[PDB]
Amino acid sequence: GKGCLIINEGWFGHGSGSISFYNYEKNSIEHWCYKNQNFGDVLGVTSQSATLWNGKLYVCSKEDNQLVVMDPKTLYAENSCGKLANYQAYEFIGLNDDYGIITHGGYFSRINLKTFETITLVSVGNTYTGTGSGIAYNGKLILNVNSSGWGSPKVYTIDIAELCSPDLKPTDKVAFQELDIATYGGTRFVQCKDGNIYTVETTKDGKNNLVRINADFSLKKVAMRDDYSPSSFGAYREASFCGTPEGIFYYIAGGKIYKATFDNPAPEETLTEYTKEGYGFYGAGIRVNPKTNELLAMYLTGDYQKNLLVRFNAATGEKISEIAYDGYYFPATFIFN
């Protein structure tokens, strides 16, 4: 069936995160989709992020069941990992066939994708401040470090081959370089068909730059809208910044959706002026499906009891559909398969 997955934080203090399914053909929402496919097994507490990697869906939770690896189509569990570490799991970042990264509120971990052995790296620069998103690119991990913490760490690059050493120990001072990309909050990484990476700098003074990272790791910057906000490391969520392989980017700025490019990074024109009265953005806020030309938007009310998903045309901004539903879900992000 045509649709999208919604990763839910879940109701902190009351139950787990969960996976909902917005069926577009039915214009219906189905809840607890992982649970109902896996004989009552559940995600952890605060399911914040998921990642597609080598045909599997990795779903992170901050606490308890910190990682579930599942089939993207069926949601049948490959591995329900339980607690990986004494650090909160934020995101999964793929390195290769053998290894991934788990980001945290302080440090980051290497995870073996066969065994689930989790090694937390405690002496890699100022990654003690927290790690957000990241991406594997041209033999390097590009890592969103919490620039708001002590020492103002900028984006790190780390050699994947060094990270993937079979002799890696938690105290190894794995070499890094800093890129000139301040990330005072959480950012995201988009790979385009040019073979470059796109991300969002947010500086100490709150200026937002769209940053192209080249295959050489040299930078080109252009100013985004000043009213763009990253996600806060105070309560880590995936940032709103996303985009297509064609170089069309989307972000939330001043509570409105913008379509942007590298040539038009700070648009005055919105994608849409859509509101529903008393619904505000939550979680990641937006994600684009490049395969369908669809932008999905997630909202809830001020008391968190009522939820809204809206599906737009990603080119023109016209509303295709919406669905309103009750419950303490706290939507985190969208996944398209």
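When you see a residue number, it is the position in the sequence shown, counting from 1.
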| property | result |
| --- | --- |
| Mean C-alpha temperature factor, higher of 315-323 and 13-21 | 315-323 |
| Entry-level comparison of average CA B-factors, 187-195 and 255-263, reporting the higher stretch | 255-263 |
| Per the PDB entry, maximal CA B factor within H104, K83, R110, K204 | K204 |
| Peak C-alpha temperature factor (PDB record), options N65, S47, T51, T275 | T275 |
| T270 - which third its CA temperature factor falls in, relative to the rest of the chain | highest |
| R212 by Cα B-factor - lowest, middle or highest third of the modelled chain | middle |
| Where the record places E238 (Cα B-factor, split into thirds across the chain) | lowest |
| Cα B factor band for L309 (lowest, middle or highest third within the chain) | highest |
| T131 - which third its CA temperature factor falls in, relative to the rest of the chain | lowest |
